[PDB]
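Have a look below at one chain only, the form deposited in one PDB entry, in structure tokens format.
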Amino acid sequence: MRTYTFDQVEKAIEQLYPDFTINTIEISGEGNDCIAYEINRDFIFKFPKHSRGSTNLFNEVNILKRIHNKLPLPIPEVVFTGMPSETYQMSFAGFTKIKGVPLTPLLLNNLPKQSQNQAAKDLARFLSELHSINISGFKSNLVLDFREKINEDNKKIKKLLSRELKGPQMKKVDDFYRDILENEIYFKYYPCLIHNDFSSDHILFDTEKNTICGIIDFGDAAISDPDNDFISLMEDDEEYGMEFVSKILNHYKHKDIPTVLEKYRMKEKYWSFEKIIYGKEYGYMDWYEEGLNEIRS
């Protein structure tokens, strides 16, 4: 990863956009992939921290431009884009600012029961449109094959935990990957376009109108399992409940909720193996060691 001073952001924008004079600039957010900057109170500028994040910024731009105006909820519109550099597919990107605050589980549980049922209706129609977007014109660089991901990970995990586990602790790991790779329900899906990061902090809310007014962060959007846009809203602790999500699945006419829960249960256990890979990828020591303990159990 890397980092930028304010002046570095401004000069990168001026370079590529010399007619665009900046007046106000704040740090808006800081994710794992990008730093977001609010510029002139109306634009969010994503700047990547690392090569992996700039191709997520490249893909986000490309996905937003291509789904421009198709969805039933406001999404960012691409207004400014940077350039590919050395190791960076995209140096930066500027989007339109979507108003609203995130629809947090506390925010939601404080809404009237009507507005809660509306929120689930709105998310259903959003995911229902999104998933029915024809995806025959995307490139293979946007498709999430799950199997090969499981397999790349699996090899990663064998080299990382080699100097960390050994035999008995591992063979349980091996039994866990092969158990997944065997199970078709994880792989026998109809791919569609998915948000892939569909969680409470990416759903913008209008506390005056008491309705959802925004979906943001398509940096992980891909062609993949549409059950992914539902499991990321379950989690009880950090997300909504199965109570609210189930209302979403029912407005969506999802015809197999038991395998939504099979997938949820599996991504839950798998999260510890993502911590080891990303923990070791970015540098997050605590994410690595938080992945290890969970394994050893």
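Take the two forms, find the largest set of C-alpha atoms that superpose within 1.5 Å, and that set is the rigid core. Residue numbers here begin at 1 and follow the sequence given.
Missing here is the form deposited in another entry; even so, the following discussion is about that form.
Asker: Honestly, after the rigid core fit, is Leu204 moving at least 2 Å at Cα between this form and the one not shown?
Answerer: No, the C-alpha moves less than 2 Å.
Asker: Once you overlay the rigid core, does the Cα of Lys156 travel 2 Å or further between this form and the one not shown?
Answerer: Yes; that C-alpha moves by at least 2 Å between this form and the one not shown.
Asker: Assuming the CA distance changes by 3 angstroms or more, are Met90 and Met285 closer together or farther apart in that other deposited form compared with the shown structure?
Answerer: Farther apart, which means the C-alphas of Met90 and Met285 are at least 3 Å more distant in that other deposited form.
Asker: Flagged pair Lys280/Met90: C-alpha distance shifts by 3 angstroms or more in that other deposited form. Which direction, closer or farther?
Answerer: It is farther: the C-alpha separation of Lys280 and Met90 rises by at least 3 Å in that other deposited form.
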